Amino acid sequence: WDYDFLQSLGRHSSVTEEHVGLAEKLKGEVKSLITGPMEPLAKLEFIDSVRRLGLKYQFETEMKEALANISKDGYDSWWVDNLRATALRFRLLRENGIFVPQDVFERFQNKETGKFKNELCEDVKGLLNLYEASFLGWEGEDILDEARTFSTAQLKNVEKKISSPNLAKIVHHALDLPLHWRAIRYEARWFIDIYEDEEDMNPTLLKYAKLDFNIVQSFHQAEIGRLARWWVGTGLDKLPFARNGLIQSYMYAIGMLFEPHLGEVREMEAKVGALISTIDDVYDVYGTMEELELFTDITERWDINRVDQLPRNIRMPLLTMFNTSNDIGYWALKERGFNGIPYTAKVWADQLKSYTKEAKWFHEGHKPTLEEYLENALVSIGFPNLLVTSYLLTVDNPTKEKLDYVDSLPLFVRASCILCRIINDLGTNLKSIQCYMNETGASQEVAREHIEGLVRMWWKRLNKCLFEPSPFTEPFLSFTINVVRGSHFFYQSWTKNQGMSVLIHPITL
Amino acid sequence: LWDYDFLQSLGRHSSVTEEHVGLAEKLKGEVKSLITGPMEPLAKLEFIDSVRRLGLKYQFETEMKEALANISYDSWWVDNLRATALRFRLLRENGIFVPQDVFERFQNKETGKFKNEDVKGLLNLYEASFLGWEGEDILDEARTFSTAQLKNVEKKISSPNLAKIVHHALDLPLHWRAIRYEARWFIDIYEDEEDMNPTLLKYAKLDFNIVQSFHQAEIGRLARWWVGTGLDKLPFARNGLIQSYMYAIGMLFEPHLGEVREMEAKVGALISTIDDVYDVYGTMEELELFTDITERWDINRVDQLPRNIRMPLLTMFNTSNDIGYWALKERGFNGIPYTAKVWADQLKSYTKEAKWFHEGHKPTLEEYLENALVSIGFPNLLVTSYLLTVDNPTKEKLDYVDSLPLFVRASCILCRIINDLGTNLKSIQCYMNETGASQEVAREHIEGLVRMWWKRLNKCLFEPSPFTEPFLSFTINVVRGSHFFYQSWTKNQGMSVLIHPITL
Amino acid sequence: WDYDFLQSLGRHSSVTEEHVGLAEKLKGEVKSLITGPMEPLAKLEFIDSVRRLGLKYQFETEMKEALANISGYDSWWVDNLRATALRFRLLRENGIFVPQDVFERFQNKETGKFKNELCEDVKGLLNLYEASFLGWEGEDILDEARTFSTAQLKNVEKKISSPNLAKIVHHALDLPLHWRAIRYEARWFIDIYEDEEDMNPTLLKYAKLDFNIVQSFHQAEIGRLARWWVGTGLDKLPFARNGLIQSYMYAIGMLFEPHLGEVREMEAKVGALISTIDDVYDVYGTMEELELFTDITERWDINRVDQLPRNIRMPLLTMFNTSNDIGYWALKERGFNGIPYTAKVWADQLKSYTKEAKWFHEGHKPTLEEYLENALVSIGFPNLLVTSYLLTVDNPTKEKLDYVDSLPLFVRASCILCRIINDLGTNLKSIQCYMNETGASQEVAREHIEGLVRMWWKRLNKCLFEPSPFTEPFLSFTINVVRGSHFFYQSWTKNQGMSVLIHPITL
Amino acid sequence: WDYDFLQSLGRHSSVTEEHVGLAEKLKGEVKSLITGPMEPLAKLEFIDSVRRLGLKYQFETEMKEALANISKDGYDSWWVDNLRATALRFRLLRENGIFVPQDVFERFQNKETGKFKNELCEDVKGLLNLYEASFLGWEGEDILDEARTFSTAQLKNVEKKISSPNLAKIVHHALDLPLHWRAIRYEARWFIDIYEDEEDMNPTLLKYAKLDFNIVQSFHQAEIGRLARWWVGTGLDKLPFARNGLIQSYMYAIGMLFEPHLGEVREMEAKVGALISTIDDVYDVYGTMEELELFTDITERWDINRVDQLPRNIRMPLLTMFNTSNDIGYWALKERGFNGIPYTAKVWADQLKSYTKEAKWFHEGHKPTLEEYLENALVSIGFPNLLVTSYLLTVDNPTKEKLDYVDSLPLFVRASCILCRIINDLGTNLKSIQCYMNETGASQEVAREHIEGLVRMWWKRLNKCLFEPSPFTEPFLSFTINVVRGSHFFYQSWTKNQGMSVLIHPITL
Ligand SMILES: [Mg+2]
Ligand SMILES: [Mg+2]
Ligand SMILES: [Mg+2]
Ligand SMILES: [Mg+2]
């Protein structure tokens, strides 16, 4: 699984014109099912299955219309009495922009205690739906927070009592990471196999999911091949800091966006990620403070007059970053009619400045507070760069004002960047947990709990931001949520198996 | 103004012209440039406040929010109270919290009293204090201090424009003043300010004339609707439609909400007629039938109520069904159950009050207000406004709004106490019976309740909520409208706001 | 940071009898390593590591004997400056004189400047820089080595690839080892030694264990002092928030050894009183009240204390009671009543305060020498050092106490250093007084004061080699108070507090 | 070759203060060239020329820095495809402690056969670099062994086909002995004249090499004068044994160490060598078994009570040896702070014991196996004595443990001692060759090849030992390799000519 193999990818695709034709036929049939009459709860379950299979992109309009009709109903008898239905309706409506109040769950609470009634401690699907629905909550929605802790504890208790292996796998999967926090492409790969074993499974939807996944995978294989050839062309692959960073970066980009129509944007994002990995090793280990300061100054000024001062192992990544930023800016000028080079140069400069600040603290024995560390670390995570670039390459009618606003890191973008940083720190000198430990003296386990609380808080803010008015539109909103999901999935070897399963091996038909 | 024949004629001949619209959009672009353009921060705050007072905030909301965000170094404002109070008020008004401790510097820690000639400074402090919440004692003290000082300095002012402004603030703070009426008054006041921006003044005059033309068309349609219903021929509520429409203008004036405003005016007109029917015209047997028919939404027996009562009940029934259908057609959600339910609840509240009056009951203030908040008719008006404006309406949301949660309840209670203050047994009398206190002390107690409920409404605005615009503005604006309407004089306000254009 | 918390300290100790046993076993092993044969440069480096880790108190005689034997087979170090400098610094630090001419061979005869080749060895530059602070006045070769090594280390700091070495270089540039407080530097060095390539695991483990054991003693001391402070009731006074914890940290800088816990606590008590009284004279007190406070202290007669208000009388009585208790402790343990000396030194300190207040109330602007002659007394170190001498000197007598109270050159240098160090770290102070005396700019004046710091240190270094009536541990107290001042005046004290006093080192 | 002349040497030196000043000026210029930018192949060739001229001691640090930078240049295009560059880089890097794998030569091998391709048996310098590089190989590196045999056969074939006399001389010299096995001082003298006639010669380096040679020669002349006076002082000059033996020992010692700063150690080594020659003759010819047994027992006990039992001709060498060993131990005590008398006495005891064992085998008609003969002969050659003494007089902070370890026969020292013994036996009743002949009955020619194979094997072990971790450091490492080189040089009259050329006659300027 080296570069010679990756460059080869995309030459021979398993999919055939017959497979694509059957896929478009099944797509029409699935569209008919989605818009066709169905019992409301059944429709909600089907729509959820379509989303879980990674097919929401194909039927986005039909799904939204169907949910809207199911929402504006003067008859709530079908769902109000049982929690499983109430939770499924609450989650799907919120996920598609239709607000459902938390008060919908008061009936299931003890008025005196305020805790959820134990009568649902027995139904696994009821607990699973409540648990998933609790992650769509906003700040101050204490009913949802109680549902979260209740369902989490109950699912942990009932996990061992489950007899059906498929259900046990589903429950363990949800406990590990809720659907709301799971990367769409990877979850789609897992769900195809899980959905196959469900008793109430729809063969047409399952077949379409397998065919569409294989067809999209062929696009991904071609992109892996082009990116691998690009990386070898740059020569960063022969550097120590590259390692398997290029393929890892592509996997992260797959988590951010997997749709075929965004292949060019995805390739550019993967390039930025690969550069991030190589420069990360250069600043963290290889570079000397004098060399790194020169690297940062060169980036801030966009002047390569002294690159020749730096040694080859440092100069080559700096020039590759410079050339890539210039190419991405030119691509933006050619396709979107807006020169993006000033923004790409600025975001790389800001990222390098953040690295310089951390290196200076590491060299001066400073120990920052959690808020001080995070203010720099949200920038240093590299996502501000990734999100701004994604906005520049996808926004409709780009302008200096719009790019400047996104570059300002408003609350919606800031929440995502902070989440990526804290999630990364959670998975593994001084990180969020250690900074908090020094700030409060608390034990490592309690500090980790505090950081986890921050994770939940930032997700609540992201969820509310999706409902607030915003200048952003699709697909930037999805990029912002998906980078967080990709981080959750990637920071819980095993990455080689996920790479082969999602990108290399097709699903057998 | 009080002739249906005259009102129906309106909308046929509009004073505005395409040239006026073009000049309006040119000035609008210039004002946007000024609002987002560089300016000294205190100057920017003053300009943004002036755009609001001219009733132009709807046109430049995002720009203003940004400029205020940028305004939120801090040396220019921390030292001086005039600047501190203006920044505090504007920031709180736009969702940026500013603590009351910002006024700690301008008060002796040694003495719990704001120290003692800036009239504008006192005005800014007074207005900012009404943006205060419960428990913000610094703001409350600043309020009482500024009120006493402004009353004291009112007589020492030589400049008539400033004297009018001070007297106006003493009459009603900006926070409690109806936006459209205040905008009309401020246009003339702003004209006389030395540091006035001519472009902003022109845009304010032009935009007012255009909106007024929209209101004239709405008045014509509503007048024709009223004569079509025939309630105009009945004896009660002489000239109630125009009154109801004026109240609705206070609630919402923006043109894009004309259909919602017309429907709100229709409900108001029905309130005016049915209120007279229950308090004076109807007999207890007739009222009980009217209430039962509304609660069950079955008109089988309407033919038992005499014509003078049957016609209002049927107009109410048809109007509620029409509003519900309009909701079904435009928002894809049948609102007839909610319009019927809120009218049933309102009639039930009337029946309960009539029974208390018929049984010599004297309720406690809390007992009276729990029913009176419903009887004022604002739960009906606010729920209808929510049904007609919320994005993606649902049964859950309508049920929640209909439950009268704290945000809605505060507005309803405020409107009831405000009406009673302006004007059987009311809030003041009920308190007098509950504590035996004198009328003057009781009125002060009610005024304190008004301030308390305003603090709560203000607090609700910064907490997370299911509600968003424009419902949040409907809730605050109905209270402002009540303050304005319950301080003849309505004919002069009618001609000035609805009929006569501002001369150019 | 909370008095309830500090009083709570000492209730639950992390250390266990097994940990103590393992500590004494490792101690024996470290003793064996310190006295056993080893290559000379390696031995010097090991001894230096022992000193930086704060273990010198445990292994002091073996270190002195080893250096004595090392002081005739001396060829191993003459060739390289790094070894020469390490030998010079450690020998001077341990009382074995080494002449400055030992570095002339590495200097250019014509120019008199050091050869640029030593710029290649980072370790070489570090040893030269540290060795330059052990110099006396007139040792110009050492002074040149100082300026040279400082400039070279600044130049090579950015060129270092090893992060641990880079951290060490930046730390030395911030403050040389000679000027760093032993306990705080020991805490910092423990972590660095783990990441040093040439680390001894037994010594490292012992350093971690011994630090934790000493920390338990400090926690108990903090608890005792916190209960004492609340008992006095000065905690509820508006003045001197967290004065007690800052004073205890300062005492830790002055002396950290466990056997001196009682003396350290008394020093901390004096410090806490100083913190409270400073606010009373500088801010809270009226001229009439302060003049009365000073007269009461001079007479050691409290008949008129009730004239003062409660907020000012309380600190005066607590100071009076504390001084009487410290004097009694001296009488009971050392068989010599120290109350006259504690009363006299408290009198001389507040009179100082009165003299400064007189300058402040009459708009006087003193010359630097005039200001410092009073300010050395006002900093409070004469009081702290005299009390420390009274509580530690062997067979105390009136003559010995009078001599120390006279502020001879060795004590005076430390007092002046502490006052100027405080002024350097923080309306006329030492710097401003110089600015008025010479009209020079603030930037030039700061350099002049820094020069004074180096000069006074040179005098202290020479005094350590001159014959003196003073012996240990007073000599260490005198040097350590200046080191404590350098460390404390470079918030951040909370970060040093948690690391040194509250949280144990994980094993 | 007369003691009066040797004692006379050192009185009048040809060098002048001007010559030294010019030497230090040229030294700075050569140092500048060594650290200055240069073409990579040119730099490798220049460093090789500096080493061949015997100037490595002067620029040891600059050479190490230059080679260190050359190993991580990353740009490998200049050497990866050229055999000459690949071999030169491999040899120089290994010689300076930078490991280079044998696989670097696979590209130049025929994949099917595994033999080297004939395509490069035309270029003489290419073959020369390959041949020299092959002697830096370790055991199990069959590629290097093949390179050795291939290049040797090809160089023999093209030697007669070479037209350029300088190239023909270089090829003939390499065939006689590779650079790796050549004594540094003697090779430096030989190379100076050849380098002058090489087309790509650096005049500054040539001049510095000639000047430094003259200065070092003056130091050696002074050493010869002192040693000659010491020898006449001992009075073993007039004894029948070891005629003209002292100077030979000094010449041999020059091969072991030639640097002027080690003159004192070199003089002591020369003294030991002279004593070895005289006592060797005493045991082999002059002494009776009774006298030799007494000599060995007296040496072993280090008790001279019975010296008067021995005749004057034997007592004088024994006493001179006793006084010299005691003096060397005292010198160690004075300069290194460690009394070395027990070690000098012990190594002389071991050497005499080895002589006694061989004489006993000779008197009992024993025929040892090759391993049996070598086990004693490695001690009898006298290199264990010379190496232990050299370690005692130069190691930093000597200790009983280090001296005991060196006195032991660990792999690094033992390999060198065995090599010196087998090389000496190869050059000249039963020795290594005859012992093998008796052990296997094999013919003399096959036996000589087997011993040569042992020489190659032990050299491979020495090369690996230099790369293995060791307690030993410089200059002991150099002494251990150089004693082997000195043996190769001394055993294929001609030594008188080499003496005059290296020690007496200066290079004309
Ligand atoms: Mg980094
Ligand atoms: Mg009524
Ligand atoms: Mg003071
Ligand atoms: Mg022999």
# chains A, B, ... in the order shown; residues from 1 in each chain; ligands from 1
>>> residues_near_ligand(ligand="ligand 1", cutoff="6 Å", atoms="only C-alpha atoms and all ligand atoms", output="PyMOL selection string")
chain A and resi 280+284+355
>>> write_last_selection(atoms="C-alpha atoms", output="short mmCIF file (atom, residue, chain, number, x, y, z; two decimals), in the first residue's frame")
data_model
loop_
_atom_site.label_atom_id
_atom_site.label_comp_id
_atom_site.auth_asym_id
_atom_site.auth_seq_id
_atom_site.Cartn_x
_atom_site.Cartn_y
_atom_site.Cartn_z
CA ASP A 280 3.75 19.93 11.00
CA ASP A 284 7.46 20.17 15.63
CA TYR A 355 2.92 27.06 15.08
#
>>> residues_near_ligand(ligand="ligand 3", cutoff="12 Å", atoms="only C-alpha atoms and all ligand atoms", output="VMD selection string")
chain C and resid 274 to 285 290 349 to 360 374 to 380 419 429
>>> write_last_selection(atoms="N, CA and C atoms", output="mmCIF file, in the first residue's frame")
data_model
loop_
_atom_site.group_PDB
_atom_site.id
_atom_site.type_symbol
_atom_site.label_atom_id
_atom_site.label_comp_id
_atom_site.auth_asym_id
_atom_site.auth_seq_id
_atom_site.Cartn_x
_atom_site.Cartn_y
_atom_site.Cartn_z
ATOM 1 N N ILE C 274 5.265 41.610 57.695
ATOM 2 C CA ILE C 274 5.807 42.646 56.815
ATOM 3 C C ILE C 274 4.780 42.988 55.747
ATOM 4 N N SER C 275 4.153 41.970 55.148
ATOM 5 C CA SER C 275 3.171 42.208 54.092
ATOM 6 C C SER C 275 1.989 43.012 54.620
ATOM 7 N N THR C 276 1.534 42.710 55.841
ATOM 8 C CA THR C 276 0.396 43.437 56.389
ATOM 9 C C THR C 276 0.773 44.872 56.795
ATOM 10 N N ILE C 277 1.916 45.026 57.463
ATOM 11 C CA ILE C 277 2.362 46.335 57.916
ATOM 12 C C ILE C 277 2.737 47.243 56.747
ATOM 13 N N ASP C 278 3.215 46.682 55.631
ATOM 14 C CA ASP C 278 3.560 47.525 54.494
ATOM 15 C C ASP C 278 2.338 48.288 54.020
ATOM 16 N N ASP C 279 1.206 47.590 53.875
ATOM 17 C CA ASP C 279 -0.022 48.264 53.495
ATOM 18 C C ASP C 279 -0.471 49.228 54.578
ATOM 19 N N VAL C 280 -0.270 48.877 55.851
ATOM 20 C CA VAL C 280 -0.715 49.790 56.899
ATOM 21 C C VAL C 280 0.028 51.126 56.830
ATOM 22 N N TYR C 281 1.358 51.097 56.726
ATOM 23 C CA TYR C 281 2.102 52.352 56.636
ATOM 24 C C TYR C 281 1.955 53.066 55.291
ATOM 25 N N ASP C 282 2.040 52.331 54.174
ATOM 26 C CA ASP C 282 1.988 52.944 52.848
ATOM 27 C C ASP C 282 0.609 53.468 52.470
ATOM 28 N N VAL C 283 -0.461 52.761 52.814
ATOM 29 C CA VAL C 283 -1.787 53.179 52.373
ATOM 30 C C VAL C 283 -2.743 53.532 53.514
ATOM 31 N N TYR C 284 -3.055 52.536 54.347
ATOM 32 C CA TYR C 284 -4.074 52.673 55.383
ATOM 33 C C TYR C 284 -3.770 53.708 56.469
ATOM 34 N N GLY C 285 -2.568 53.693 57.033
ATOM 35 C CA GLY C 285 -2.295 54.582 58.150
ATOM 36 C C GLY C 285 -2.138 56.061 57.826
ATOM 37 N N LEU C 290 0.769 56.276 62.305
ATOM 38 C CA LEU C 290 2.030 55.631 61.966
ATOM 39 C C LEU C 290 3.150 56.102 62.890
ATOM 40 N N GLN C 349 13.087 48.901 61.274
ATOM 41 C CA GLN C 349 12.432 48.684 59.974
ATOM 42 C C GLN C 349 11.334 49.708 59.802
ATOM 43 N N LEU C 350 10.548 49.938 60.850
ATOM 44 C CA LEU C 350 9.407 50.860 60.762
ATOM 45 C C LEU C 350 9.925 52.298 60.790
ATOM 46 N N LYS C 351 11.030 52.561 61.493
ATOM 47 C CA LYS C 351 11.646 53.902 61.426
ATOM 48 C C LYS C 351 12.008 54.150 59.972
ATOM 49 N N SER C 352 12.618 53.150 59.339
ATOM 50 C CA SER C 352 12.880 53.258 57.897
ATOM 51 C C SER C 352 11.585 53.732 57.267
ATOM 52 N N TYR C 353 10.543 52.927 57.415
ATOM 53 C CA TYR C 353 9.291 53.268 56.766
ATOM 54 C C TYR C 353 8.941 54.728 57.034
ATOM 55 N N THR C 354 9.140 55.175 58.278
ATOM 56 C CA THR C 354 8.805 56.548 58.631
ATOM 57 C C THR C 354 9.666 57.528 57.843
ATOM 58 N N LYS C 355 10.959 57.217 57.698
ATOM 59 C CA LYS C 355 11.875 58.071 56.948
ATOM 60 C C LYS C 355 11.442 58.175 55.484
ATOM 61 N N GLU C 356 11.036 57.052 54.874
ATOM 62 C CA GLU C 356 10.559 57.108 53.491
ATOM 63 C C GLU C 356 9.287 57.938 53.424
ATOM 64 N N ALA C 357 8.410 57.776 54.410
ATOM 65 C CA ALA C 357 7.168 58.538 54.444
ATOM 66 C C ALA C 357 7.483 60.024 54.582
ATOM 67 N N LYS C 358 8.547 60.355 55.325
ATOM 68 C CA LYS C 358 8.964 61.740 55.500
ATOM 69 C C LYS C 358 9.398 62.315 54.160
ATOM 70 N N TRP C 359 10.159 61.530 53.390
ATOM 71 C CA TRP C 359 10.565 61.993 52.069
ATOM 72 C C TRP C 359 9.336 62.193 51.186
ATOM 73 N N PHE C 360 8.376 61.270 51.270
ATOM 74 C CA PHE C 360 7.144 61.337 50.491
ATOM 75 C C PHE C 360 6.248 62.509 50.882
ATOM 76 N N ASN C 374 18.776 53.799 53.292
ATOM 77 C CA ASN C 374 17.529 53.547 54.003
ATOM 78 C C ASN C 374 16.762 52.349 53.440
ATOM 79 N N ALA C 375 16.695 52.228 52.112
ATOM 80 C CA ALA C 375 15.925 51.181 51.457
ATOM 81 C C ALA C 375 16.450 49.777 51.755
ATOM 82 N N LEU C 376 17.757 49.613 51.974
ATOM 83 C CA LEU C 376 18.259 48.294 52.334
ATOM 84 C C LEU C 376 17.646 47.829 53.654
ATOM 85 N N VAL C 377 17.409 48.759 54.578
ATOM 86 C CA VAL C 377 16.731 48.449 55.827
ATOM 87 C C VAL C 377 15.237 48.231 55.596
ATOM 88 N N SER C 378 14.619 49.093 54.779
ATOM 89 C CA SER C 378 13.184 49.018 54.524
ATOM 90 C C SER C 378 12.744 47.760 53.768
ATOM 91 N N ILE C 379 13.619 47.132 52.981
ATOM 92 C CA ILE C 379 13.202 45.938 52.249
ATOM 93 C C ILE C 379 12.788 44.825 53.219
ATOM 94 N N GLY C 380 13.320 44.855 54.450
ATOM 95 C CA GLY C 380 13.006 43.914 55.515
ATOM 96 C C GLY C 380 13.956 42.732 55.661
ATOM 97 N N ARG C 419 17.105 44.760 47.809
ATOM 98 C CA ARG C 419 16.344 45.983 47.562
ATOM 99 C C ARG C 419 16.393 46.375 46.080
ATOM 100 N N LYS C 429 11.884 55.416 43.078
ATOM 101 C CA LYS C 429 12.497 54.148 43.461
ATOM 102 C C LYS C 429 13.984 54.257 43.130
#
>>> residues_around(residues="residue D:126", least_positions_apart="4", cutoff="8 Å", atoms="only C-alpha atoms", output="list in words")
residues 83, 84, 120, 121 and 130 of chain D
>>> residues_around(residues="stretch 231-237 of chain C", least_positions_apart="2", cutoff="7 Å", atoms="only C-alpha atoms", output="ChimeraX atom specification")
/C:227-229,239,311,315,318
>>> residues_near_ligand(ligand="ligand 2", cutoff="6 Å", atoms="only C-alpha atoms and all ligand atoms", output="PyMOL selection string")
chain B and resi 275+279+350
>>> write_last_selection(atoms="N, CA, C and O atoms", output="PDB file, in the first residue's frame")
ATOM      1  N   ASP B 275     -66.620  42.734  22.542  1.00  0.00           N
ATOM      2  CA  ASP B 275     -66.439  43.249  23.890  1.00  0.00           C
ATOM      3  C   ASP B 275     -67.674  44.052  24.303  1.00  0.00           C
ATOM      4  O   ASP B 275     -68.215  43.860  25.395  1.00  0.00           O
ATOM      5  N   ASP B 279     -70.233  43.147  27.450  1.00  0.00           N
ATOM      6  CA  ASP B 279     -70.362  44.069  28.584  1.00  0.00           C
ATOM      7  C   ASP B 279     -71.702  44.813  28.597  1.00  0.00           C
ATOM      8  O   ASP B 279     -72.246  45.071  29.672  1.00  0.00           O
ATOM      9  N   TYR B 350     -64.213  36.131  29.255  1.00  0.00           N
ATOM     10  CA  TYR B 350     -65.247  37.149  29.400  1.00  0.00           C
ATOM     11  C   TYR B 350     -66.372  36.627  30.280  1.00  0.00           C
ATOM     12  O   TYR B 350     -66.911  37.363  31.106  1.00  0.00           O
TER      13      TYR B 350
END
>>> atom_distance(atom1="atom CA of residue B:251", atom2="atom CA of residue A:99")
25.5 Å
>>> interface_residues(of="chain D", to="chain A", cutoff="12 Å", atoms="only C-alpha atoms", output="MDAnalysis selection string")
chainID D and resid 69 72:76
>>> write_last_selection(atoms="N, CA, C and O atoms", output="tab-separated table (two decimals), in the first residue's frame")
chain	number	residue	atom	x	y	z
D	69	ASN	N	27.68	16.27	6.30
D	69	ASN	CA	26.77	17.03	5.45
D	69	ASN	C	26.50	16.27	4.15
D	69	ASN	O	25.37	16.27	3.66
D	72	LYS	N	23.63	13.45	4.23
D	72	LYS	CA	22.22	13.79	4.33
D	72	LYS	C	21.81	14.84	3.31
D	72	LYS	O	20.78	15.50	3.49
D	73	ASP	N	22.59	15.00	2.23
D	73	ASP	CA	22.30	15.96	1.17
D	73	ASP	C	20.95	15.68	0.52
D	73	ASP	O	20.34	16.58	-0.06
D	74	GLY	N	20.47	14.43	0.59
D	74	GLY	CA	19.17	14.09	0.05
D	74	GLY	C	19.21	13.98	-1.47
D	74	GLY	O	18.61	13.07	-2.04
D	75	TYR	N	19.91	14.92	-2.11
D	75	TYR	CA	20.13	14.88	-3.55
D	75	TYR	C	21.16	13.80	-3.87
D	75	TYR	O	22.36	14.00	-3.67
D	76	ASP	N	20.68	12.65	-4.33
D	76	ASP	CA	21.53	11.49	-4.59
D	76	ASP	C	21.77	11.24	-6.08
D	76	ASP	O	22.35	10.21	-6.43
>>> interface_residues(of="chain A", to="chain B", cutoff="12 Å", atoms="only C-alpha atoms", output="PyMOL selection string")
chain A and resi 64-65+67-77+79-80+86+89-90+93-94+96-105+137-142+405+410+460-461+464+467-471
>>> interface_residues(of="chain A", to="chain C", cutoff="7 Å", atoms="only C-alpha atoms", output="PyMOL selection string")
chain A and resi 288-290+363-364
>>> select_by_dssp(residues="stretch 227-441 of chain D", states="helix (DSSP H, G or I)", output="PyMOL selection string")
chain D and resi 227-234+245-256+260-286+289-301+307-309+312-336+341-363+370-380+383-394+400-407+411-427+432-440
>>> residues_around(residues="residue C:7", least_positions_apart="4", cutoff="9 Å", atoms="only C-alpha atoms", output="CSV table (one decimal) with N, CA, C and O atoms, in the first residue's frame")
chain,number,residue,atom,x,y,z
C,2,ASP,N,-6.6,29.4,49.3
C,2,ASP,CA,-7.8,29.6,50.2
C,2,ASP,C,-7.3,29.1,51.6
C,2,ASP,O,-6.7,28.0,51.8
C,3,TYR,N,-7.5,30.0,52.6
C,3,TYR,CA,-7.0,29.7,54.0
C,3,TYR,C,-7.6,28.4,54.5
C,3,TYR,O,-7.0,27.6,55.2
C,11,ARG,N,-3.1,17.3,56.4
C,11,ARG,CA,-4.0,16.3,56.9
C,11,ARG,C,-3.8,15.0,56.1
C,11,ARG,O,-3.8,13.9,56.7
C,220,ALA,N,2.7,20.4,55.7
C,220,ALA,CA,2.4,20.5,57.1
C,220,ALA,C,2.8,21.9,57.6
C,220,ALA,O,2.0,22.5,58.4
C,222,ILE,N,2.8,24.7,55.9
C,222,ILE,CA,1.8,25.6,55.4
C,222,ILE,C,0.5,25.5,56.2
C,222,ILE,O,-0.1,26.5,56.5
C,223,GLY,N,0.2,24.3,56.6
C,223,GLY,CA,-1.0,24.2,57.4
C,223,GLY,C,-0.9,24.8,58.8
C,223,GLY,O,-1.8,25.6,59.2
C,224,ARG,N,0.3,24.7,59.4
C,224,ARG,CA,0.5,25.3,60.7
C,224,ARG,C,0.5,26.8,60.6
C,224,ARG,O,-0.2,27.5,61.4
C,225,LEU,N,1.1,27.4,59.5
C,225,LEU,CA,1.1,28.8,59.3
C,225,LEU,C,-0.2,29.3,59.0
C,225,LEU,O,-0.6,30.4,59.4
C,226,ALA,N,-1.0,28.6,58.2
C,226,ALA,CA,-2.4,29.0,57.9
C,226,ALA,C,-3.2,29.1,59.1
C,226,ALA,O,-4.0,30.1,59.3
C,227,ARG,N,-3.1,28.1,60.0
C,227,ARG,CA,-3.9,28.1,61.3
C,227,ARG,C,-3.4,29.3,62.1
C,227,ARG,O,-4.2,30.0,62.7
C,230,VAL,N,-4.9,32.6,60.6
C,230,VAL,CA,-6.3,32.8,60.9
C,230,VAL,C,-6.5,33.1,62.4
C,230,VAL,O,-7.4,33.8,62.8
>>> residues_around(residues="residue D:259", least_positions_apart="4", cutoff="8 Å", atoms="only C-alpha atoms", output="list in words")
residues 57, 216 and 263 of chain D
>>> residues_around(residues="residue B:74", least_positions_apart="6", cutoff="12 Å", atoms="only C-alpha atoms", output="list in words")
residues 41, 42, 80, 83, 84, 87 and 102 of chain B
